[PDB]
């Protein structure tokens, strides 16, 4: 855990959340400034800055991350039409919370341009 990390705080129940999935390794929460009708953040409980810090010792968390993305996509009714997953590394990529997460986005036709 990092003292000053909003997601770490959310995990330890120092701030509120809307939690769509949870276990000892990962949590999935509602993004409070959604960029699409369904916008969930899939967050590993271990504080790691972004995917640049993933390596041989911790990489299994990617599995949990994608597992929970799929389960939540089903639970929230976007799985069949589909969805986008995004993770960012660094401020140039738009990262503003430096604790690894994927954005699960869905419920609107997002179309051709990915950027």
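Residue numbers count along the first chain shown, from 1.
query = Do the CA atoms of 73-81 or those of 36-44 have the higher mean B-factor in the entry?
reply = Averaged over C-alpha atoms, the B-factors run higher in 73-81.
request  = Going by the average Cα B-factor in the PDB entry, point out whether 25-33 or 52-60 comes out higher.
outcome  = That would be 52-60.
task = Give the position of residue 97 by CA B-factor within its chain, expressed as the lowest, middle or highest third.
result = Answer is lowest: the recorded C-alpha B-factor places it there.
inquiry  = Quick check for you: using the entry's CA B-factors within this chain, is residue 9 in the lowest, middle or highest third?
reply    = Residue 9: CA B-factor falls in the middle third of its chain.
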